[PDB]
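Shown below, as structure tokens, is a lone chain in the form deposited without its partner chain; questions about how it binds or moves come after it.
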């Protein structure tokens, strides 16, 4: 009973295909029978130019629940990324991605992807999702940036 989610996602797809930010990718996965699976999307976010994330293409999966858009999609970097707000599992944390926070049924995939891109170089240090990245960011910023650059180059297209 995901007909409402599917109706919305079909439109999100047409909208995205019609116009989206350069370098970004957001495409529904395929079911075994070849049909489109609008509930599972494979995306890619380009590092923002001028930042240590530049040159990297970071892939993530967006999973929608049957009650979408009442609930936000779950976004997971694959593989997991070194970042203060990314869980070791890869799950990315963002206010607009939390039902009891800033998520609103209207929020678009484009907004989410741009939001995540912005989060990359502007982490929310007050509420970390992983101990590793947080610790380094706070104890040695130069080392943190060094690890970020290495990761960006590692995930270069």
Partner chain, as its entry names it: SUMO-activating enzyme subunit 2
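Numbering follows the first chain given and starts at 1. Only residues modelled in both forms are compared. Heads up, when I say rigid core I mean the largest set of C-alphas that superpose within 1.5 Å between the two forms.
The same protein has a further form, the form deposited with its partner chain bound, not shown here; the description that follows concerns it.
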query: Within 4.5 Å of its partner chain in the entry with it bound: residues from 120-139 (heavy atom criterion); finding: none
query: Of the candidates 65, 101, 61, 30, the only Cα that travels 2 Å or more between the shown form and the other one, given a rigid-core fit; finding: 30
query: Segments displaced between the shown form and the other one (3 or more residues, each Cα shift of 2 Å or more, core-superposed); finding: 30-36
